[PDB]
Amino acid sequence: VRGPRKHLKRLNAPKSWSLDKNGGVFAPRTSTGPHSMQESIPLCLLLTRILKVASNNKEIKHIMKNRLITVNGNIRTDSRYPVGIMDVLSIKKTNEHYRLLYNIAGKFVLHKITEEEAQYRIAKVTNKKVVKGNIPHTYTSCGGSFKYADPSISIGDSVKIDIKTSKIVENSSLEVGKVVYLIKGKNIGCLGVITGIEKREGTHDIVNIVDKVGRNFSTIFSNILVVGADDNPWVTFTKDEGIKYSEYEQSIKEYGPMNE
Amino acid sequence: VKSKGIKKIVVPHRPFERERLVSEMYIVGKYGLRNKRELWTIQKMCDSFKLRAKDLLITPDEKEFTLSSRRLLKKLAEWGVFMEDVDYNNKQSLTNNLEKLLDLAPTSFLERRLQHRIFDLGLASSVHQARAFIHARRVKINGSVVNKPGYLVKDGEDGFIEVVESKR
Amino acid sequence: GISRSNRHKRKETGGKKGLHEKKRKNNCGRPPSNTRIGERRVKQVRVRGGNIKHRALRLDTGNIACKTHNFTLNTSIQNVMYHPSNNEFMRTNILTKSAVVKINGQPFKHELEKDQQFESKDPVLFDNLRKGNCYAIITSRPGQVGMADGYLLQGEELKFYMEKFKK
Amino acid sequence: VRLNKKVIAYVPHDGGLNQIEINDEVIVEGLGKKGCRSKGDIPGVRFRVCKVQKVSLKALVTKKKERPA
Amino acid sequence: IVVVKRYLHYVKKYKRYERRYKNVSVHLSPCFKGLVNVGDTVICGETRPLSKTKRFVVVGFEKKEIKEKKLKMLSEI
RNA sequence: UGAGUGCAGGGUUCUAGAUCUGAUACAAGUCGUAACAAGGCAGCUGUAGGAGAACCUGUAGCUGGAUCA
RNA sequence: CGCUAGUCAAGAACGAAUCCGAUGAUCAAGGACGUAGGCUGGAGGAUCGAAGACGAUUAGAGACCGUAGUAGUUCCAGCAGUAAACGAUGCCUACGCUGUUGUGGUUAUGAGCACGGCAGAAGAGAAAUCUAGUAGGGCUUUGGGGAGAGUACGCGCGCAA
RNA sequence: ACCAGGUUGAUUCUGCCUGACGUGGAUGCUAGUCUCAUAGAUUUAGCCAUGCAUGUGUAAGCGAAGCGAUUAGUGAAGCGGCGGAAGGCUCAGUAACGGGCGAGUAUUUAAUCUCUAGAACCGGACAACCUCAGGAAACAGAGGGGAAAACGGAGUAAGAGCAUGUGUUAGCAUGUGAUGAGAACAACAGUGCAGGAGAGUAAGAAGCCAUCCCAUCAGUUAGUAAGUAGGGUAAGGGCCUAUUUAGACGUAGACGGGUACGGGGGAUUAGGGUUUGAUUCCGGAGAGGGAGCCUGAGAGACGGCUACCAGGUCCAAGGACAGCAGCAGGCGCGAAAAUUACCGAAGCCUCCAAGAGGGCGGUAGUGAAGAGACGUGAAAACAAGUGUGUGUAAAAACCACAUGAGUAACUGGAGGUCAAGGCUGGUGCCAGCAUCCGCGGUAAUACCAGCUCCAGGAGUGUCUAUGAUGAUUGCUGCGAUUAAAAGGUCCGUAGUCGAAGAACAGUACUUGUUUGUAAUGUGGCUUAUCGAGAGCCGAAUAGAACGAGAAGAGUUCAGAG
Ligand SMILES: [K+]
Ligand SMILES: [K+]
Ligand SMILES: [K+]
Ligand SMILES: [K+]
Ligand SMILES: [K+]
Ligand SMILES: [K+]
Ligand SMILES: [K+]
Ligand SMILES: [K+]
Ligand SMILES: [K+]
Ligand SMILES: [K+]
Ligand SMILES: [K+]
Ligand SMILES: [K+]
Ligand SMILES: [K+]
Ligand SMILES: [K+]
Ligand SMILES: [K+]
Ligand SMILES: [K+]
Ligand SMILES: [K+]
Ligand SMILES: [K+]
Ligand SMILES: [K+]
Ligand SMILES: [K+]
Ligand SMILES: [K+]
Ligand SMILES: [K+]
Ligand SMILES: [K+]
Ligand SMILES: [K+]
Ligand SMILES: [K+]
Ligand SMILES: [K+]
Ligand SMILES: [K+]
Ligand SMILES: [Mg+2]
Ligand SMILES: [Mg+2]
Ligand SMILES: [Mg+2]
Ligand SMILES: [Mg+2]
Ligand SMILES: [Mg+2]
Ligand SMILES: [Mg+2]
Ligand SMILES: [Mg+2]
Ligand SMILES: [Mg+2]
Ligand SMILES: [Mg+2]
Ligand SMILES: [Mg+2]
Ligand SMILES: [Mg+2]
Ligand SMILES: [Mg+2]
Ligand SMILES: [Mg+2]
Ligand SMILES: [Mg+2]
Ligand SMILES: [Mg+2]
Ligand SMILES: [Mg+2]
Ligand SMILES: [Mg+2]
Ligand SMILES: [Mg+2]
Ligand SMILES: [Mg+2]
Ligand SMILES: [Mg+2]
Ligand SMILES: [Mg+2]
Ligand SMILES: [Mg+2]
Ligand SMILES: [Mg+2]
Ligand SMILES: [Mg+2]
Ligand SMILES: [Mg+2]
Ligand SMILES: [Mg+2]
């Protein structure tokens, strides 16, 4: 190919967006920005599907030309702007607030929140560097950058951000007995508490988890975000609190256990 | 050409086998079906359920057995086809009932078809004039007409079927 | 023009390979720059991604570092004495990395004379500086960076290279 | 036409030879064996005529249709 | 130096294996110069290209074994 | 960096050719009758001569022989 | 491979409380032997006898039969590489019923070990018959309806055939 | 998970031919209604008349002529900005960075995000405008004004590389320095543009593993294999060059030749298999054949430029133009494939945009390639028509109600395999039929016809490839005394295969956890009258990361032989 790709066929787009295969050959190619393309969704899919407020391209235009929609405290005017996980969306007229989370199935979903929960988000720490003029810096998963934060924050920790000031508020590390949320894998959207961590060299660390209704599951650190100072969670999670059931369990719970 | 849609019939390996010819001839005659394709279609349907029962009984694991047995038996009860007192949460009866499925016959699927139901409920003088009332819109279910003789009637729809007089 | 692709090259087993594409610009090469000694002449080349590269065709002077005493000076270059790759580049006086060159010694002479131990520490350098001999080695890449820079030969480096010059 | 070979072909029907003139165009077909092989009692002939002047030979012979003229 | 690595390939139809090998040319440094010789087993690490064929460097070795130069009893016993 | 084009060669695939020589099919033509019966000299395998033609003759072998003696 | 003596190397089997310790099975490529007839050079030449020549027999015999007759048939030094070179049954290694008869050693004289012949049985097989019973033991050669064809072209060996 | 007919006067075997059944193309005859898919791939990557497929403007870069004005305004020729490197078409070439799985460097990246973040003066032209005015056309001249956020210079911030300290390695210190800039505007209340550091997207180069036929192709290679040093590139590297070392690859098939877009997948199938993949998704290559190239963040671009070779077009003869493996369409070639149709609507992409553009895409028309559901009467009482409404971008079809009525089957067969007539008339080894076996010489259930039956049925016959039949290719699973088939005998390398006893180790081996699959397929549920269809769910192959078990395999030992 002579240069950069512009289009995106409908069968190639992420299974997390959950778009119907048969209607048309194309899907919206996300603009470059905060999260990766595989870990985010364009804004126009949210307004037409996840939270229905438009039904046609003429309406999608009008909503943003009138400057109505705010993401992380700034007004947005690109219809193909990417939104990702733990990412406050709001309309200042009618004072609505939402976070973006995963269903138990791993699709995307908007969750309504109060104007308290709307003030902060969580991210993971990726690198630490010193910059010209001897200025310390720190960086995060979604392309965030921070000047003169607390030096003790370590790579791999997770940090809570105040959306109005754009400063770090709190820090939590990967240890036994803390709450975790699952970003990618077989168990997307599950929520649980750390049983035990097995350290590996030059390779990913393996983390073992207990679920709130008893189930053990393990995954690699690269798929986990840590979502509380010790015991209990920061953000409010969905109507169902992240318990996943097998078809087998759904049957037992529906028709009763197999008797002797 | 390769294109969308399944094929629902299997052609018999021997075109002029005398025991097959005679036994097919009888069943088309008695039930007032259009041609051999109607019959062969029902035969493939019947074979499919028999295969599932075979597979369940020979499976090694318990999770699949307990899960998929229930689904199979409930489905065939709703169609009004497999009529017996299956009890759930009891492994032996599930096995017993799976074995009773293995000698199910196409006659049982035929008798759920609307053309036969209409005649059997004494709303028509023959299996022929039953078909002729399903054409020409005289037959109605839940207050709506049904144009197609092959409509398979689930268990308990029998209360809502009706006939009306001709338009003339 | 010139290419850097391995299109035309044989396999490790000695067999030939067939060609499956026309040439591509993303493996283009460029002709050599042969930097000569003379009054300054430098050309600016528009490179991939819109960057600029500076190509010295003629150079007169260099920055030369003294490593032991920690100072740097700017001086004229006379001629090439030795070149490790090819005897030809010496006789035609072409400048490259790792060429050994004669320079004006007087600025270095004026500085090194201040140290009372100088004669005792390096007698062969001292002798050379008296006789009007001053030798340095080029470290920059003139065809890439657009200028020449180096360090003054001292101690065992003199003892090594002087044996390459002599008839 | 496709090879510039000259070949022998058989003409199937009762009065079939009468439906063909010299310099007519004919389409020609296989006898149905695994390799190209002789069928029945005809020695060394490997093809048969199918259509004459764009029309079915079966229709010509049985007088169901007429020559294009 | 040339290193040989060996393995088995499974052929599904006949339900059996065939032996295979590949040749890799590796860089040996002067620090190992006297110590490594033909038949020995060697550990190599990956790097950026060093030449047309060369991509690995010898990083250490396991010397082809002797358990013992077996004991001879004294004539006195 | 090189398109095109001179002049010699090769490598492939097809095709022409006076004349010679195989094979196959020849309803039944001409000359004999070599094999199948001890087929009228028991047959056959190797090798070497000879001959209108099947074949005949020397030498060693075999029974699938007309002899389990 | 068949007369008698003398001489020179190596092998098989048997008896037994000898020594070494995995040195082994089968085999593309490569190498050595191979009746007879044939070929290159020397020695020799009794008997027999391709070719060639006659006498008979026959329609005709060029053949069969008889007379005669040459190359060959023998030896030394080599080339060649085929046979119904067949028990038409590959080589190691197993598990397997009885009676009888041989050959060579050894013997508690009761028998064994190696190499054979014969006659039944049981299984097997399309039968005839059985080197063919039982069997996912190992390794090599090899066939896939008749013909054309073990023929054409190319290649390797050979003095030629 | 299946057989049948055919060597003989009969029999039992070996063995092959033929029938019976899926699927991809071609074709004969016949054809009522509605719904879902798909169409010049096979032969010539052959040749092309015509029309269309790429352009974009605000309150907010510069604004000439014209119109008009108490020294206002207007409305815009050109310039600048951003795109034209995506999508669409095809499979020629390539046995290979062409393909699958991991990893993130030795690299460059306009737009976009987060943090941060800007005191600058001067000068000409180019295009349009104005006056002449050339050329058959295509296309151009003189002369004179005049702008920019366009362009070139000045100062000035900044600043590559080199050297030494200190912190791998950013950073900081010191010495030395080539180079060397910069956008604001509007208020409907905003939109831009300079520098850095990190992200995000896209390439370039790399690691491992798998890949077709011929031995009547056995030796191949000399930038070839390596080293030291340098040039070159965005970057590692024989990528290229100088002097030294002789390597590298092969019977476990090198080298040569023939052939091929590769996967996800498709067809058949009890199991083990055998065949195919131009063709909705991903990646690669091309634009008549070869080769060079400017501009740009990005092309060795062809709806850009330049030259040759093969072909064309217009001329006033001097010159000019052009490339349908885009969408319709034409000619050829063949046994082989649709309309020079509508589109401010759906899905997406492009711009300076409350708007403009798109043959990309959607909508219908055409055709028995494929796949669903139903008509052709009932015993009292039956499609297809028509009119309104709906439906859509506008339509047609579909569906609702209301009117008329009484229309609607063919293809192959009837001696055996193989379902169904020794019926009647012609013909007499003729004419014909017959996959195979076989019929006909005047008493033909087999030809040519009439009449009755049979089979499938809006469908049925034929030809051609392939899978099955087939244990006639044999891993599972065939044969070699006489049917086809054990080398004349030894030695022997590569190759394949190899005691008992006591111990040992974990790379194969098996298994856990975690990754690895959109569509298709598999197990399900829910809504279109029903059924294909549509929508949502669950699990999954090969391949890779980390642990575990030690029977078999492997390695060692000798108070074992
Ligand atoms: K004879
Ligand atoms: K001899
Ligand atoms: K004679
Ligand atoms: K005579
Ligand atoms: K004689
Ligand atoms: K004699
Ligand atoms: K010999
Ligand atoms: K020999
Ligand atoms: K032989
Ligand atoms: K013997
Ligand atoms: K046998
Ligand atoms: K020959
Ligand atoms: K017979
Ligand atoms: K057809
Ligand atoms: K093709
Ligand atoms: K003129
Ligand atoms: K074009
Ligand atoms: K076209
Ligand atoms: K067609
Ligand atoms: K429709
Ligand atoms: K008929
Ligand atoms: K008839
Ligand atoms: K008759
Ligand atoms: K065969
Ligand atoms: K076998
Ligand atoms: K032989
Ligand atoms: K022993
Ligand atoms: Mg490429
Ligand atoms: Mg005779
Ligand atoms: Mg005789
Ligand atoms: Mg011995
Ligand atoms: Mg002799
Ligand atoms: Mg042998
Ligand atoms: Mg044969
Ligand atoms: Mg096409
Ligand atoms: Mg493209
Ligand atoms: Mg096309
Ligand atoms: Mg090709
Ligand atoms: Mg400036
Ligand atoms: Mg050189
Ligand atoms: Mg393909
Ligand atoms: Mg291209
Ligand atoms: Mg080009
Ligand atoms: Mg293009
Ligand atoms: Mg299109
Ligand atoms: Mg019958
Ligand atoms: Mg018949
Ligand atoms: Mg056989
Ligand atoms: Mg025989
Ligand atoms: Mg034989
Ligand atoms: Mg033999
Ligand atoms: Mg339905
Ligand atoms: Mg073992």
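To find a chain, count down the sequence lines: A is the first, B the second, and so on, and within it residues start at 1. Basis for what follows: all heavy atoms, side chains included, without hydrogens, waters or symmetry-related copies.
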_Mind checking if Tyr21(E) touches a base, just sugar-phosphate, or nothing, with heavy atoms under 4.0 Å?_
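Base contact.
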
Ignoring backbone atoms, establish whether [X] has a side-chain N or O less than 4.0 Å from OP1 or OP2 of [N].
{"X": "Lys36(B)", "N": "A455(H)", "value": "no"}
{"X": "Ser145(A)", "N": "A199(H)", "value": "no"}
{"X": "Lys15(A)", "N": "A518(H)", "value": "yes"}
{"X": "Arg20(B)", "N": "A20(H)", "value": "no"}
{"X": "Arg24(C)", "N": "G286(H)", "value": "yes"}
{"X": "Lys22(E)", "N": "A210(H)", "value": "yes"}
{"X": "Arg2(A)", "N": "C302(H)", "value": "yes"}
{"X": "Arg6(E)", "N": "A252(H)", "value": "no"}

Listed nucleotide nearest any side-chain atom of [X], set [options]:
{"X": "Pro28(A)", "options": "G177(H), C348(H), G237(H)", "result": "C348(H)"}
{"X": "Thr53(E)", "options": "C537(H), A518(H), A225(H)", "result": "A225(H)"}
{"X": "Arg14(B)", "options": "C3(H), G87(H), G523(H)", "result": "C3(H)"}
{"X": "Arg18(B)", "options": "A419(H), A371(H), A252(H)", "result": "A419(H)"}
{"X": "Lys13(E)", "options": "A226(H), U460(H), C475(H)", "result": "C475(H)"}

Could you check which nucleotide pairs with [N] in any of the strands shown, counting Watson-Crick or G-U wobble with both distances under 3.5 Å?
{"N": "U417(H)", "result": "none"}
{"N": "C475(H)", "result": "none"}
{"N": "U224(H)", "result": "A246(H)"}
{"N": "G143(H)", "result": "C130(H)"}
{"N": "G72(G)", "result": "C48(G)"}
{"N": "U462(H)", "result": "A26(H)"}
{"N": "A29(G)", "result": "none"}
{"N": "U526(H)", "result": "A534(H)"}

*asked:* Are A419(H) and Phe16(B) stacked, with the base six-membered ring and the side-chain ring centres under 5.5 Å apart and planes under 30°?
replied: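 Yes, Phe16(B) stacks on the base of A419(H).
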
*Between CD of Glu24(B) and CZ of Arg20(B), what distance do you get to the nearest 0.5 Å?*
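Between atom CD of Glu24(B) and atom CZ of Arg20(B) there are 4.5 Å.
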
*So, are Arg131(B) and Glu38(B) salt-bridged, with charged N and O less than 4.0 Å apart?*
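So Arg131(B) pairs with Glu38(B) through a salt bridge.
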
_Working for side chain to side chain contact (heavy atoms under 4.5 Å, CB included), residues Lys33(D) and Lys39(D)_ = CA-CA 8 Å; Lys33(D) 307 288 212 157; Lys39(D) 188 173 84 158; 4.2 Å; yes

*Go through the steps to decide whether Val11(D) and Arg48(D) satisfy the test side chain to side chain contact (heavy atoms under 4.5 Å, CB included), and finish with yes or no.*
CA-CA 6 Å; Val11(D) 188; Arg48(D) 67 185 187 199; over 6 Å; no

Using the glycosidic torsion, which applies to [N]: syn (within 90° of 0) or anti (everything else)?
{"N": "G146(H)", "result": "syn"}
{"N": "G24(H)", "result": "anti"}
{"N": "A181(H)", "result": "anti"}
{"N": "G290(H)", "result": "syn"}
{"N": "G105(G)", "result": "syn"}

*Do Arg131(B) and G375(H) have a side chain to base donor-acceptor pair shorter than 3.5 Å?*
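No pair found.
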
*asked:* Can you say whether a donor on the side chain of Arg168(B) sits under 3.5 Å from an acceptor on the base of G406(H), or the other way round?
replied: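 When only heavy-atom distances are counted, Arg168(B) does reach the base of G406(H) through a donor-acceptor pair under 3.5 Å.
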
*Dot-bracket for RNA chain F: what is it, with Watson-Crick or G-U pairs under 3.5 Å, [ ] where a pair crosses earlier ones, and | for a pair to another strand?*
.........................................(((((((((....)))))))))|.....

*Do the side chain of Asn51(C) and the main chain of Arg48(C) share a donor and acceptor less than 3.5 angstrom apart?*
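A pair under 3.5 Å: yes.
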
*Mind checking if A400(H) and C401(H) stack, meaning centres of the six-membered rings less than 5.5 Å apart and planes less than 30° off?*
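Yes, the six-membered rings of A400(H) and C401(H) stack, since their centres lie under 5.5 Å apart and their planes differ by under 30°.
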
*Can you check whether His137(A) and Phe146(A) have ring centres sitting under 6.0 Å from each other?*
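When the ring centroids of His137(A) and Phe146(A) are compared, they turn out to be at least 6.0 Å apart.
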
*Flag the pair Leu59(C) / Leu95(C) as yes when at least one side-chain heavy-atom distance between them is below 4.5 Å, and no otherwise.*
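Result yes, sub-4.5 Å side-chain heavy-atom pair found.
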
